[PDB]
Each structure stands twice: as C-alpha cells, then as structure tokens.
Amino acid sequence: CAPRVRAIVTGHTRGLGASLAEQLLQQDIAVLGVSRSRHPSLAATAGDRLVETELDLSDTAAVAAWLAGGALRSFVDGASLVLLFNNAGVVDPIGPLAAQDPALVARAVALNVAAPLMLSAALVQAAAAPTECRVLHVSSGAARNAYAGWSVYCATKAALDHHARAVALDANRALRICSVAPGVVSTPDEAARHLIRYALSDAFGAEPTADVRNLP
C-alpha cells in the first residue's frame, strides 16, 4: 500500500533537499533520498515511506552502476506519478580560473550536471506505463546571470536550463520537465581559418560569446 505519488530527492539531508523531503513526506508522497549520508531524523518521523540510498553522486561510475542496478526501478514500480528533484549540487571551487583545483572542477561538473542528466534519463527508463514523470532541475539565478568567482557553478546551472529546453521538444511518453531557480543557495578548414583569425585578433575576448558566421 505504498503511496501512489513518489519523489526522488538528491541531497536530502540538509538545506533545500531536507525541506523538500520533509514536506513531501508530510503530504503522503514517498521519498527516495539519494545522498552520501542519511537524514538525521526524518526516518524516525516518516518510517518506511522514506527510502535512503547512500551514493556519491559526484562519482559518475558509482552512479551508473547504481542506475544499472534495480533500486530505482523498485522504487518507482507501480507509481502513478514520480517527481525527480535534482537538488544536490556544490558551488565549489569558488574563485577565478587561477584559484580552481581541476579535481574540484571535475567533481562539481559530475555532481551538478552529469548526475541530474543521468538520473533524468534513468527515471524515464525505469518508469513503465502508465507512470507519469516530472523532472525538476533545481537551478539558480546564476544559470541566467554570470557572477565573478562563480564560473564553475554558473556553467553547471546553465547546462540544466538548456537540458530542460531541449527535452521539452522531444516526443516523450508522459514527461514534464522544468529547470527552476529556487531563490536560495562550411568545411572544417574554413571554420578553422576563421577561428584562428579571431583567436589572434586584437578584438578577441571583447565579448564572452561569438559565432564565426557573424565575423566580417
């Protein structure tokens, strides 16, 4: 007699993820919490309606292996509606390029981009008809506005926004997606010729984005 509406919340042990998991369970929506640790106390309040998975979502090999296993399919089996809250994320490494550890950059991209995109695909593939899926990427104002020191975070949340825009154009069975800011935190030779000319030009860098077809 499991709840028919169910939700997956990544990073459910603190912050927004904890508030999401707590309120979903209050409203009789089952929650699969996916985090490196467990929620301090929600299990004692919510009982077996909370399922907690210990997973490092920044380890994409571990994520793929967990997704190749049956835990997600077991959780969504028989549901009418499954919500995925892609909430887990990190803002580190903060600072300009000169301050960023490449290993921390990789970890942020894996957690903030690879895991939401992998979990979105896996949920749709685990949910058999007639289950409906709703994917909510937790985005940021930083996905749409650039901020000094936050180039890594900005990059990762911009990815989630554009993922949603493109998924929305696909022919999906029963899928809704949205990337939501929460308020808290030519030949190759021809193309190469143009890119090199632009890269060497005095004007290079005047604007942060460009398209070679606009270049005189």
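From 1 onward, residues are counted along the sequence shown.
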Interval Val185-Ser186, deposited residues with no coordinates in the entry (none, 1 to 3, 4 to 9, 10 or more):
10 or more
58 to 66 or 155 to 163, whichever carries the higher mean Cα B-factor
58 to 66
Averaging the C-alpha temperature factors as deposited, the higher value of 126 to 134 versus 140 to 148 falls on 140 to 148
Scanning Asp28, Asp170, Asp48, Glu190 for peak Cα temperature factor in the entry gives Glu190
Give the position of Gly89 by CA B-factor within its chain, expressed as the lowest, middle or highest third.
middle
Can you tell me which third, lowest, middle or highest, the CA B-factor of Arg6 falls into for its chain?
lowest
Cα B factor band for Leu24 (lowest, middle or highest third within the chain)
lowest
If you rank the chain by CA B-factor, which third does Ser37 end up in: lowest, middle or highest?
highest
Should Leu104 be placed in the lowest, middle or highest third of its chain by the C-alpha B factor in the entry?
highest
